[PDB]
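Visitor: Residue numbers (the deposited numbering), protein chains in the order written: chain 1E, 1 to 204; chain 1R, 1 to 118; chain 1T, 1 to 131; chain 1O, 1 to 122; chain 1y, 1 to 10; chain 15, 2 to 60.
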Amino acid sequence: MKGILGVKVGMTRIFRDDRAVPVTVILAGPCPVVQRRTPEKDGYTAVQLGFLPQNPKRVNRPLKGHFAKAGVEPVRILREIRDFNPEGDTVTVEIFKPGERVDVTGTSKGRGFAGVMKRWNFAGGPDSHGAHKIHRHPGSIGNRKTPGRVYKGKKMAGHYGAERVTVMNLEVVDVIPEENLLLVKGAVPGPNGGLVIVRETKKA
Amino acid sequence: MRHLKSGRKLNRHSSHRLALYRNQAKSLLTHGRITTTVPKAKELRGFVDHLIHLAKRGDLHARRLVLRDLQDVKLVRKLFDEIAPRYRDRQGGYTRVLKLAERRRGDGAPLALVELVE
Amino acid sequence: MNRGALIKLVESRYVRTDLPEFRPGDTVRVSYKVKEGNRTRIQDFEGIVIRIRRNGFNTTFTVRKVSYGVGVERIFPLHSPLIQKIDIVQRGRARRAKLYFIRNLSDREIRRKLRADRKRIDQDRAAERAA
Amino acid sequence: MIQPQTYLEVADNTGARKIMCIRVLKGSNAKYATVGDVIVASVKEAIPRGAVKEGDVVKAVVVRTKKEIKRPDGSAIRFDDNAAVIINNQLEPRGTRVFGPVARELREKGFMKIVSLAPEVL
Amino acid sequence: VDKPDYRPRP
Amino acid sequence: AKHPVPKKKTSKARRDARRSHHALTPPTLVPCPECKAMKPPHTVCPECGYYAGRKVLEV
RNA sequence: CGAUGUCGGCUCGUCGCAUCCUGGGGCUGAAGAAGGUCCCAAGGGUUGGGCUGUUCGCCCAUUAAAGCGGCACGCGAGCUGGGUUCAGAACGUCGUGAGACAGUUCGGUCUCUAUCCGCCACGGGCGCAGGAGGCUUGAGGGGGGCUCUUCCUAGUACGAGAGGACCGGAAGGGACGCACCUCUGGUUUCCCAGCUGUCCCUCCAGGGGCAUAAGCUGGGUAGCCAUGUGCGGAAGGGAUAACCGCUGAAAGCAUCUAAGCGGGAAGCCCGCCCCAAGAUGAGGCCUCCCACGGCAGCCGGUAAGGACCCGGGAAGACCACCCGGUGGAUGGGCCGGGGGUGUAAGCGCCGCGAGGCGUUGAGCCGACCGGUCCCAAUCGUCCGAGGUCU
RNA sequence: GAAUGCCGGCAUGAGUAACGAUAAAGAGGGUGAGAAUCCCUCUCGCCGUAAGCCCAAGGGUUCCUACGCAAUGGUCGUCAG
RNA sequence: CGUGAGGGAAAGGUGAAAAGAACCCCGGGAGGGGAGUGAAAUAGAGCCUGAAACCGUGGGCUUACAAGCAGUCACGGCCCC
Ligand SMILES: [Mg+2]
Ligand SMILES: [Mg+2]
Ligand SMILES: [Mg+2]
Ligand SMILES: [Mg+2]
Ligand SMILES: [Mg+2]
Ligand SMILES: [Mg+2]
Ligand SMILES: [Mg+2]
Ligand SMILES: [Mg+2]
Ligand SMILES: [Mg+2]
Ligand SMILES: [Mg+2]
Ligand SMILES: [Mg+2]
Ligand SMILES: [Mg+2]
Ligand SMILES: [Mg+2]
Ligand SMILES: [Mg+2]
Ligand SMILES: [Mg+2]
Ligand SMILES: [Mg+2]
Ligand SMILES: [Mg+2]
Ligand SMILES: [Mg+2]
Ligand SMILES: [Mg+2]
Ligand SMILES: [Mg+2]
Ligand SMILES: [Mg+2]
Ligand SMILES: [Mg+2]
Ligand SMILES: [Mg+2]
Ligand SMILES: [Mg+2]
Ligand SMILES: [Mg+2]
Ligand SMILES: [Mg+2]
Ligand SMILES: [Mg+2]
Ligand SMILES: [Mg+2]
Ligand SMILES: [Mg+2]
Ligand SMILES: [Mg+2]
Ligand SMILES: [Mg+2]
Ligand SMILES: [Mg+2]
Ligand SMILES: [Mg+2]
Ligand SMILES: [Mg+2]
Ligand SMILES: [Mg+2]
Ligand SMILES: [Mg+2]
Ligand SMILES: [Mg+2]
Ligand SMILES: [Mg+2]
Ligand SMILES: [Mg+2]
Ligand SMILES: [Mg+2]
Ligand SMILES: [Mg+2]
Ligand SMILES: [Mg+2]
Ligand SMILES: [Mg+2]
Ligand SMILES: [Mg+2]
Ligand SMILES: [Mg+2]
Ligand SMILES: [Mg+2]
Ligand SMILES: [Mg+2]
Ligand SMILES: [Mg+2]
Ligand SMILES: [Mg+2]
Ligand SMILES: [Mg+2]
Ligand SMILES: [Mg+2]
Ligand SMILES: [Mg+2]
Ligand SMILES: [Mg+2]
Ligand SMILES: [Mg+2]
Ligand SMILES: [Mg+2]
Ligand SMILES: [Mg+2]
Ligand SMILES: [Mg+2]
Ligand SMILES: [Mg+2]
Ligand SMILES: [Mg+2]
Ligand SMILES: [Mg+2]
Ligand SMILES: [Mg+2]
Ligand SMILES: [Mg+2]
Ligand SMILES: [Mg+2]
Ligand SMILES: [Mg+2]
Ligand SMILES: [Mg+2]
Ligand SMILES: [Mg+2]
Ligand SMILES: [Mg+2]
Ligand SMILES: [Mg+2]
Ligand SMILES: [Mg+2]
Ligand SMILES: [Mg+2]
Ligand SMILES: [Mg+2]
Ligand SMILES: [Mg+2]
Ligand SMILES: [Mg+2]
Ligand SMILES: [Mg+2]
Ligand SMILES: [Mg+2]
Ligand SMILES: [Mg+2]
Ligand SMILES: [Mg+2]
Ligand SMILES: [Mg+2]
Ligand SMILES: [Mg+2]
Ligand SMILES: [Mg+2]
Ligand SMILES: [Mg+2]
Ligand SMILES: [Mg+2]
Ligand SMILES: [Mg+2]
Ligand SMILES: [Mg+2]
Ligand SMILES: [Mg+2]
Ligand SMILES: [Mg+2]
Ligand SMILES: [Mg+2]
Ligand SMILES: [Mg+2]
Ligand SMILES: [Mg+2]
Ligand SMILES: [Mg+2]
Ligand SMILES: [Mg+2]
Ligand SMILES: [Mg+2]
Ligand SMILES: [Mg+2]
Ligand SMILES: [Mg+2]
Ligand SMILES: [Mg+2]
Ligand SMILES: [Mg+2]
Ligand SMILES: [Mg+2]
Ligand SMILES: [Mg+2]
Ligand SMILES: [Mg+2]
Ligand SMILES: [Mg+2]
Ligand SMILES: [Mg+2]
Ligand SMILES: [Mg+2]
Ligand SMILES: [Mg+2]
Ligand SMILES: [Mg+2]
Ligand SMILES: [Mg+2]
Ligand SMILES: [Mg+2]
Ligand SMILES: [Mg+2]
Ligand SMILES: [Mg+2]
Ligand SMILES: [Mg+2]
Ligand SMILES: [Mg+2]
Ligand SMILES: [Mg+2]
Ligand SMILES: [Mg+2]
Ligand SMILES: [Mg+2]
Ligand SMILES: [Mg+2]
Ligand SMILES: [Mg+2]
Ligand SMILES: [Mg+2]
Ligand SMILES: [Mg+2]
Ligand SMILES: [Mg+2]
Ligand SMILES: [Mg+2]
Ligand SMILES: [Mg+2]
Ligand SMILES: [Mg+2]
Ligand SMILES: [Mg+2]
Ligand SMILES: [Mg+2]
Ligand SMILES: [Mg+2]
Ligand SMILES: [Mg+2]
Ligand SMILES: [Mg+2]
Ligand SMILES: [Mg+2]
Ligand SMILES: [Mg+2]
Ligand SMILES: [Mg+2]
Ligand SMILES: [Mg+2]
Ligand SMILES: [Mg+2]
Ligand SMILES: [Mg+2]
Ligand SMILES: [Mg+2]
Ligand SMILES: [Mg+2]
Ligand SMILES: [Mg+2]
Ligand SMILES: [Mg+2]
Ligand SMILES: [Mg+2]
Ligand SMILES: [Mg+2]
Ligand SMILES: [Mg+2]
Ligand SMILES: [Mg+2]
Ligand SMILES: [Mg+2]
Ligand SMILES: [Mg+2]
Ligand SMILES: [Mg+2]
Ligand SMILES: [Mg+2]
Ligand SMILES: [Mg+2]
Ligand SMILES: [Mg+2]
Ligand SMILES: [Mg+2]
Ligand SMILES: [Mg+2]
Ligand SMILES: [Mg+2]
Ligand SMILES: [Mg+2]
Ligand SMILES: [Mg+2]
Ligand SMILES: [Mg+2]
Ligand SMILES: [Mg+2]
Ligand SMILES: [Mg+2]
Ligand SMILES: [Mg+2]
Ligand SMILES: [Mg+2]
Ligand SMILES: [Mg+2]
Ligand SMILES: [Mg+2]
Ligand SMILES: [Mg+2]
Ligand SMILES: [Mg+2]
Ligand SMILES: [Mg+2]
Ligand SMILES: [Mg+2]
Ligand SMILES: [Mg+2]
Ligand SMILES: [Mg+2]
Ligand SMILES: [Mg+2]
Ligand SMILES: [Mg+2]
Ligand SMILES: [Mg+2]
Ligand SMILES: [Mg+2]
Ligand SMILES: [Mg+2]
Ligand SMILES: [Mg+2]
Ligand SMILES: [Mg+2]
Ligand SMILES: [Mg+2]
Ligand SMILES: [Mg+2]
Ligand SMILES: [Mg+2]
Ligand SMILES: [Mg+2]
Ligand SMILES: [Mg+2]
Ligand SMILES: [Mg+2]
Ligand SMILES: [Mg+2]
Ligand SMILES: [Mg+2]
Ligand SMILES: [Mg+2]
Ligand SMILES: [Mg+2]
Ligand SMILES: [Mg+2]
Ligand SMILES: [Mg+2]
Ligand SMILES: [Mg+2]
Ligand SMILES: [Mg+2]
Ligand SMILES: [Mg+2]
Ligand SMILES: [Mg+2]
Ligand SMILES: [Mg+2]
Ligand SMILES: [Mg+2]
Ligand SMILES: [Mg+2]
Ligand SMILES: [Mg+2]
Ligand SMILES: [Mg+2]
Ligand SMILES: [Mg+2]
Ligand SMILES: [Mg+2]
Ligand SMILES: [Mg+2]
Ligand SMILES: [Mg+2]
Ligand SMILES: [Mg+2]
Ligand SMILES: [Mg+2]
Ligand SMILES: [Mg+2]
Ligand SMILES: [Mg+2]
Ligand SMILES: [Mg+2]
Ligand SMILES: [Mg+2]
Ligand SMILES: [Mg+2]
Ligand SMILES: [Zn+2]
């Protein structure tokens, strides 16, 4: 159940057997394991990974202790991968070979307060024929006296994006260990520069 | 959304905003220091910096470009002969913006001074 | 890190430098590997290039030709391995980067708007004088 | 991107000149036909005494389109019109020549008879 | 089912 | 629309509960290191005209 | 009846199951394929069009299918206003008439501001017996749940023939969903060019305003995007429905059942994805501070830490979140690259001239990828444990 | 204690909608207890078969100057019908 | 208010006496704080009395796992006499 932290760098395509392959490039290596969570100690199993080096000037004292106890130089992000336990004290892109399928988790781009047409692909209202100031409105939200209320979960306008999203079963197109690059075919949540997690896929 | 868009709108349509900057340039290049609202000051920096840099180039081309925004032939001449020279060896950052402590009475707008640098 | 540099890095393995420079307006023949049955062959597509979108490794260019009465436009990645070669067959002088306006012009009218780019022709012949 | 109401030129000699799509035969509820797809169509304009006549409801395979088709090799091709060749229930042209180029896509979709009769395949 | 307005328009 | 309108007068308890967030926060002020007069941080001092160690403006 | 707005449509759903399809099954006057009929099944799905105000219905073209009902004949403080109920007008018809009709016809005022509950989002407060910075478990909840075609098996089983399988295995689609922006394709209010009229600068040349809240036109980076790209529905495990059994009495036979055991659905539980400890039942782990002064309490100064303030941000209505604050690349400038435009001005040459050619892929040049302390994030302030009892 | 009573006062909605044409503003100087809002200058924009000028109705001192800013001005006011 | 005929309000009270607050202080002023007057100044002219709704400051008790025609009965806690 291997996994790794990384940053989305950007997309392009490569050519592979006279085929254009759209890819997102992820900087993944190298992630120092900084804690192991164990069934005896913690009740479950996983690896806290760290990623990108941090200026010690900016690391407070409780954090420093945590890093110290690992003999690990301070790092900007800590995140766990569950049910993964690497033999090394460091995880790098090498844990993936081209051909493998992965799941990538990102924080999606933020749309802010979104209307119903962008959030939920509502149809909105006519643009003419008499529609009166309701071209992007949701329409009805209910019945009448029965039930006299609006369902929990009713799709409505509101904040949208900047959310955890995990896209699944992406092909690993290539891995360039010398530069800590993982090339995954397709699209990955969030902006370039955003933090992502690459896991072995759960599909078969 | 506004994702990675550069530029204030300052509640002006296109042609008014442009005039706002030019008139502010003429004023700043004229007096060396002016006061405005903080955000107007923050946009003036770049607008004027480019005109000063162009003045540092000195060519005829540069003058004719500067004259699109600034229009006053004497003013440009001051820019070219008096202003640009003091920045021959300065690399950008010919303007500075410092925030004033007192808000404006009639509308509470925060003020800042914008000035050409030494 | 430098994200731009890393993309350029991923891309460097696929970049080409063996292809001639050309501009919108030039007439060009692209010999393109093409798959059919059971073989692959080279098909030539020859026409005016009406667009070149630039984006480094991802720049693409569009070639327009008339084929048995019907206009056809083809869009090619400039760095595509499927391009065998490109031959410059004529240099045209455009005044515009994008030449969509010729989609509505007659063959006479096109020829009048895209006269031979006598400068870049001369320039072409002056190379092609080798050692 | 052919859809019901779309007029297509007919690129054969069935005598039909113009057909208007009335359905895309690609599943239960397809929004668009592209190259290699079969539509059902009305004949809106034909020449006198052909195989087909104005009013006929016929099938046709779309053979070139004004919306560009993209290809796995990263390229795309685009034609100046939307054209279809009229076929019978076994995908064979009801006509005997096909005019103008056609999209190679037809071949992988088993329109060999049409692909071969075509002056050009792009 | 068409049935008649029981109220007039406002 | 059909002109909505409050169905009951708001009780004093309710009105005042709504204002539970209405308190002003006092201006954040720091001493001016040249003249010791209180002022907003990041502003040229209006008392003495100093900022960043130097005399910025006539006061 | 001191008003419970009334048909149809749109929008948005949600439920029932007497199921239209898809899954499971018994019987068949079930050879096969296809059907009929009943049973189980509500997870998902259930198309586009012509007519008509229509609901309905008929019709065209498709489909796995084109289900039927409830929700104030769901939904007018959500839209419409074609239909019916006002005043005008006309036809038919009735009435001497004024006028009339569970007839027809053309026309005809649909109300910016949401208090409470409810719903979508976001915070502020307090709590979670020391105070803090991280990382987490998942009670519980939500999301999802569709399906077709072709090929192989095999032209095999079956069948006189036409036709044509079970099981198992491949490939390719439609619609839907989430994400994305490399490509394709949009936009890109000033990023570039061209162009007209007019006024102006400065006469020429070169420019500026205005013609829209871009004057017009040709283009167009980032961004945000779909028409573009990737991926999803599963697999799998468990328990079941109808239905099929094994073993088996009562009842020497028989019996799926009374004891016991098995098989068995798109359905159910788990599995996937997302929320989630206000889960007051307030969880856990790692790290940091410490037992300070005066009188489970008050007042004061601190600790770890936090906030304030500032520069900002693919975060954002405010708030929040995230990054940075000279021990600095946070924005602005400047430089380099990209990218757009498409060869500036000036000068020289040719031409009577409009123009042309060269200098020149020039000049200009948003946002992208970077560098660089030139400009600004100066200087600081205020909060903040001393840990209740068996 | 009620008559959608009468008269008056004061609440609620609420620091909410709004502040009356999307022709448009910016800076420097002056004045003053106080200035986005008054004066002056420069720059910018709008009208120009008018949004300029002259008559008649109607209005009735609103004209000019000095001194004022409680109220009137949808904000401010040192300004003003 | 209405073209007009015509309609048609609200609005009383310092104190015995103005003795109606000189002068100083803050403030542009308004306003207040002292001083002074008066038997009395929360009789200070926005003046006798000065109710109630309504707005506030300060104190006691109470309240952030709770379900409400708001009370009532009971017990307990805290605060006061
Ligand atoms: Mg993340
Ligand atoms: Mg956003
Ligand atoms: Mg909407
Ligand atoms: Mg959406
Ligand atoms: Mg959409
Ligand atoms: Mg729609
Ligand atoms: Mg629409
Ligand atoms: Mg419509
Ligand atoms: Mg209307
Ligand atoms: Mg509208
Ligand atoms: Mg209703
Ligand atoms: Mg109810
Ligand atoms: Mg958010
Ligand atoms: Mg490879
Ligand atoms: Mg991005
Ligand atoms: Mg917008
Ligand atoms: Mg940016
Ligand atoms: Mg902006
Ligand atoms: Mg701008
Ligand atoms: Mg403005
Ligand atoms: Mg505004
Ligand atoms: Mg604008
Ligand atoms: Mg303008
Ligand atoms: Mg304009
Ligand atoms: Mg710049
Ligand atoms: Mg400052
Ligand atoms: Mg401030
Ligand atoms: Mg003021
Ligand atoms: Mg890039
Ligand atoms: Mg060929
Ligand atoms: Mg006919
Ligand atoms: Mg309404
Ligand atoms: Mg409303
Ligand atoms: Mg309305
Ligand atoms: Mg509303
Ligand atoms: Mg209202
Ligand atoms: Mg009400
Ligand atoms: Mg009240
Ligand atoms: Mg109160
Ligand atoms: Mg309230
Ligand atoms: Mg009634
Ligand atoms: Mg009532
Ligand atoms: Mg009513
Ligand atoms: Mg009602
Ligand atoms: Mg009605
Ligand atoms: Mg329904
Ligand atoms: Mg049933
Ligand atoms: Mg079935
Ligand atoms: Mg059968
Ligand atoms: Mg049979
Ligand atoms: Mg059956
Ligand atoms: Mg169902
Ligand atoms: Mg359901
Ligand atoms: Mg249903
Ligand atoms: Mg029609
Ligand atoms: Mg219809
Ligand atoms: Mg109908
Ligand atoms: Mg009917
Ligand atoms: Mg079927
Ligand atoms: Mg239908
Ligand atoms: Mg009914
Ligand atoms: Mg109804
Ligand atoms: Mg209904
Ligand atoms: Mg209704
Ligand atoms: Mg309505
Ligand atoms: Mg209705
Ligand atoms: Mg309603
Ligand atoms: Mg209503
Ligand atoms: Mg209602
Ligand atoms: Mg609506
Ligand atoms: Mg009608
Ligand atoms: Mg009718
Ligand atoms: Mg009528
Ligand atoms: Mg009528
Ligand atoms: Mg009539
Ligand atoms: Mg008659
Ligand atoms: Mg009758
Ligand atoms: Mg009669
Ligand atoms: Mg009669
Ligand atoms: Mg009409
Ligand atoms: Mg009518
Ligand atoms: Mg009507
Ligand atoms: Mg309306
Ligand atoms: Mg409310
Ligand atoms: Mg309620
Ligand atoms: Mg909270
Ligand atoms: Mg909070
Ligand atoms: Mg645990
Ligand atoms: Mg759970
Ligand atoms: Mg709960
Ligand atoms: Mg076979
Ligand atoms: Mg046989
Ligand atoms: Mg599939
Ligand atoms: Mg791009
Ligand atoms: Mg694009
Ligand atoms: Mg592209
Ligand atoms: Mg494009
Ligand atoms: Mg420009
Ligand atoms: Mg312009
Ligand atoms: Mg001009
Ligand atoms: Mg000229
Ligand atoms: Mg002008
Ligand atoms: Mg004008
Ligand atoms: Mg204008
Ligand atoms: Mg126009
Ligand atoms: Mg034009
Ligand atoms: Mg375009
Ligand atoms: Mg444009
Ligand atoms: Mg773009
Ligand atoms: Mg799409
Ligand atoms: Mg299963
Ligand atoms: Mg048996
Ligand atoms: Mg037995
Ligand atoms: Mg027996
Ligand atoms: Mg049993
Ligand atoms: Mg069983
Ligand atoms: Mg069995
Ligand atoms: Mg089982
Ligand atoms: Mg399934
Ligand atoms: Mg979580
Ligand atoms: Mg907790
Ligand atoms: Mg948690
Ligand atoms: Mg509970
Ligand atoms: Mg906890
Ligand atoms: Mg901030
Ligand atoms: Mg911000
Ligand atoms: Mg910080
Ligand atoms: Mg600091
Ligand atoms: Mg920086
Ligand atoms: Mg920089
Ligand atoms: Mg470049
Ligand atoms: Mg370039
Ligand atoms: Mg040239
Ligand atoms: Mg030149
Ligand atoms: Mg000459
Ligand atoms: Mg550049
Ligand atoms: Mg450095
Ligand atoms: Mg300080
Ligand atoms: Mg009574
Ligand atoms: Mg009332
Ligand atoms: Mg009332
Ligand atoms: Mg009353
Ligand atoms: Mg009363
Ligand atoms: Mg009354
Ligand atoms: Mg009253
Ligand atoms: Mg009030
Ligand atoms: Mg507010
Ligand atoms: Mg409100
Ligand atoms: Mg509001
Ligand atoms: Mg409001
Ligand atoms: Mg109003
Ligand atoms: Mg407002
Ligand atoms: Mg106004
Ligand atoms: Mg206004
Ligand atoms: Mg307008
Ligand atoms: Mg001044
Ligand atoms: Mg003022
Ligand atoms: Mg003032
Ligand atoms: Mg001023
Ligand atoms: Mg103004
Ligand atoms: Mg003035
Ligand atoms: Mg005009
Ligand atoms: Mg004129
Ligand atoms: Mg008068
Ligand atoms: Mg007077
Ligand atoms: Mg006079
Ligand atoms: Mg006067
Ligand atoms: Mg006057
Ligand atoms: Mg005066
Ligand atoms: Mg006044
Ligand atoms: Mg005043
Ligand atoms: Mg005043
Ligand atoms: Mg007075
Ligand atoms: Mg007033
Ligand atoms: Mg006022
Ligand atoms: Mg007013
Ligand atoms: Mg004065
Ligand atoms: Mg006045
Ligand atoms: Mg009257
Ligand atoms: Mg009168
Ligand atoms: Mg009267
Ligand atoms: Mg009275
Ligand atoms: Mg008296
Ligand atoms: Mg008296
Ligand atoms: Mg005095
Ligand atoms: Mg004074
Ligand atoms: Mg006084
Ligand atoms: Mg006082
Ligand atoms: Mg006094
Ligand atoms: Mg006395
Ligand atoms: Mg006495
Ligand atoms: Mg008293
Ligand atoms: Mg008294
Ligand atoms: Mg009184
Ligand atoms: Mg008395
Ligand atoms: Mg009294
Ligand atoms: Mg009183
Ligand atoms: Mg009282
Ligand atoms: Mg109190
Ligand atoms: Mg509880
Ligand atoms: Mg409690
Ligand atoms: Mg009780
Ligand atoms: Mg008791
Ligand atoms: Zn100071």
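Don't be surprised by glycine CBs; every beta carbon is placed ideally from N, CA and C.
Which residues of the segment 93-121 of chain 1E have a Cβ closer than 7 Å to any Cβ of chain 1T? Give them in chain order.
Guide: Answer set for the segment 93-121 of chain 1E: empty.
Visitor: Closer than 8 Å, Cβ to any Cβ of chain 1O: which residues of the segment 17-40 of chain 1E, in chain order?
Guide: So the list reads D18, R19 and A20, given in the order they occur along the chain.
Visitor: Whole beta strand (DSSP E) runs in the segment 2-82 of chain 1O with 3 or more residues, listed along the chain?
Guide: Counting whole runs of 3 or more residues, the segment 2-82 of chain 1O contains the beta strand (DSSP E) stretches 7-10, 16-24, 38-46, 57-64 and 76-79.
Visitor: Taking CB distances under 8 Å as the criterion, tell me whether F22 (chain 1T) reaches chain 1O.
Guide: By this cut-off, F22 (chain 1T) is not an interface position.
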